[PDB]
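Enquirer:
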Amino acid sequence: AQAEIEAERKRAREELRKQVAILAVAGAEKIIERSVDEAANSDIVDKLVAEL
Amino acid sequence: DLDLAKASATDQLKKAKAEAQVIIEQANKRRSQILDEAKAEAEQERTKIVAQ
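Have a look at this one:
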């Protein structure tokens, strides 16, 4: 029973990791699309054509 | 007299064998009783601790 509860502990922890990560990136998509900037887009292109 | 002596000795031995067998069967039934009591107590404890 006691080892069972310490397994259940890890089972509880992992689910919270999952929730927070998914909902955080859901917010991040909104934040990043709303924060697009043409100079930053050009800098992404200027990075990838510099390594390509 | 030998008939009587032989018969009494052998039936005494038979009595001893039967008595030993029932002694052991009483032990077996007691074994079942105590083991099921332990099982019930353990299950009761485990269920209440996990709910808590």
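So the sequence lines, in the order shown, correspond to chains H and V. Using this note's numbering, you'd call the opening residue of the first sequence number 10 and step up by one each time. Using this note's numbering, you'd call the opening residue of the second sequence number 11 and step up by one each time. C-beta atoms are modelled at their ideal positions from N, C-alpha and C, and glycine is treated no differently.
(1) Quick one: give me the first and last residue of the alpha helix (DSSP H) that residue 45/H is part of.
(2) Determine the DSSP secondary structure at residue 10/H, reduced to helix, strand or coil.
(3) Please classify residue 45/V: does DSSP put it in a helix, a strand, or coil?
(4) Listing by chain order, which chain V residues have their CB less than 9 Å from the CB of residue 14/H?
(5) Measuring straight from C-alpha to C-alpha, what distance separates residue 26/H and residue 42/H?
(6) Output, in chain order, the set of chain H residues within a Cβ distance shorter than 8 Å of residue 56/V.
(7) On the three-state DSSP scale, how would you describe residue 61/H?
(8) Classify residue 21/V as helix, strand or coil using the three-state DSSP reduction.
(9) Going by the beta-carbon positions, is the gap between residue 56/V and residue 10/H smaller than 8 Å?
Expert: Reading off the structure:
(1) Here residue 45/H refers to the residue found at position 36 when the first sequence is read from its first residue. For residue 45/H, no alpha helix (DSSP H) segment is defined, and its DSSP state is neither H nor E.
(2) Here residue 10/H corresponds to residue number 1 of the first sequence, with the count starting at 1. In the structure shown, residue 10/H falls within a coil segment according to DSSP collapsed to helix, strand and coil.
(3) Residue mapping note: residue 45/V aligns to position 35 of the second sequence, counting from 1. Here residue 45/V sits in helix by DSSP.
(4) By one-based count along the first sequence, residue 14/H stands at place 5. Listed by position along chain V, the residues whose Cβ is nearer than 9 Å to that of residue 14/H are 59 and 60.
(5) On the first sequence, position 17 is the one that residue 26/H refers to. On the first sequence, position 33 is the one that residue 42/H refers to. Those two C-alpha atoms are separated by around 24 Å.
(6) For the purposes of this step, residue 56/V is identified with residue 46 of the second sequence, where counting begins at 1. Those within 8 Å of residue 56/V in chain H are 10.
(7) For this step, residue 61/H is matched to residue 52 along the first sequence. Note: residue 61/H maps to coil in three-state DSSP.
(8) Here residue 21/V corresponds to residue number 11 of the second sequence, with the count starting at 1. DSSP places residue 21/V within a helical segment (H, G or I) once states are collapsed to three.
(9) What you label residue 56/V is simply residue 46 of the second sequence in a count that begins at 1. What you label residue 10/H is simply residue 1 of the first sequence in a count that begins at 1. In this structure, residue 56/V lies near residue 10/H, with their beta-carbon atoms less than 8 Å apart.
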